[PDB]
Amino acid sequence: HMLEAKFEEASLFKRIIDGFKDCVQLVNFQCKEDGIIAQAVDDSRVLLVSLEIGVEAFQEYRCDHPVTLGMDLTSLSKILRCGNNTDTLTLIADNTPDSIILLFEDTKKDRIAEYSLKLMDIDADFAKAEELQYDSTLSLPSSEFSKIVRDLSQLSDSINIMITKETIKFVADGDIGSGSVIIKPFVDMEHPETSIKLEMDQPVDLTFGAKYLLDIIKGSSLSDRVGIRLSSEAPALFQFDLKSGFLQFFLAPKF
């Protein structure tokens, strides 16, 4: 076929879609020689979600020329929980397709499950949105980021992020009280993956909608770490990196 994109772990594609599905209905997947880009805005038209999966993330990848797969994510995710986790998953399609074929292959025995999913026609033009320089760049465990966001969103729909020298501060003020989380750059010798990194070019003081942050943290499924890039000028970028790809969320400050 024209496109044959083989994930060795179907669970990888399931975790990708879990990064999207709770805040996006429709997603266009543009498949190219160098891999797959998907983009979608959330129902409120405030959050841009951008996925890039390069050729090397796949066991085998072939796509001579572009193919656009407009998919309903509620449909795709009834079917994406059809792997075994252990299954491989190949996305298969032809030119200007009307359906996408999801081919699950068992990695224990002799079983194939071929699904054909009806595609939808979607606009669709894409934003490659990341700036050349940001005011501050940081990274931390995505489980730590998720907890901070879940915790403070209990208090307020607005979470203020402040970056100062060697200081990252999240703050929310609610009717039952207030929360302030201060994290400092820290390299963990025993478990480096839990480190916190900060590069500050200038201080940042920006407020974000917690309801959007609660969508963003579902990228946790893809990466144990999250990179955050902040700018007084441009939307904030929240990035969950895969092996040969990433899931990006762009979000303007509230003010």
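Heads up: residue numbers just count along the shown sequence, starting at 1.
On average the C-alpha atoms of 54 to 62 have higher B-factors than those of the other stretch, with 54 to 62 and 202 to 210 being the two compared.
Between 113 to 121 and 154 to 162, the higher mean Cα B-factor belongs to 113 to 121. Reading the B-factor column for the CA atoms of 225, 197, 45, 32 in the entry, the top value corresponds to 32. Each of 237, 12, 247, 23 has a CA temperature factor in the record; the biggest one is found at 23. Split the chain's modelled residues into thirds by C-alpha temperature factor. Residue 218 is in the middle one. In the deposited entry, the Cα temperature factor of residue 74 sits in the top third of values across the chain's modelled residues. Sort the chain's modelled residues by C-alpha temperature factor and residue 82 lands in the highest third, per the entry.
Looking at the C-alpha B-factors along this chain, the one for residue 133 belongs to the highest third. Sort the modelled residues of the chain by CA B factor and residue 101 lands in the middle third.
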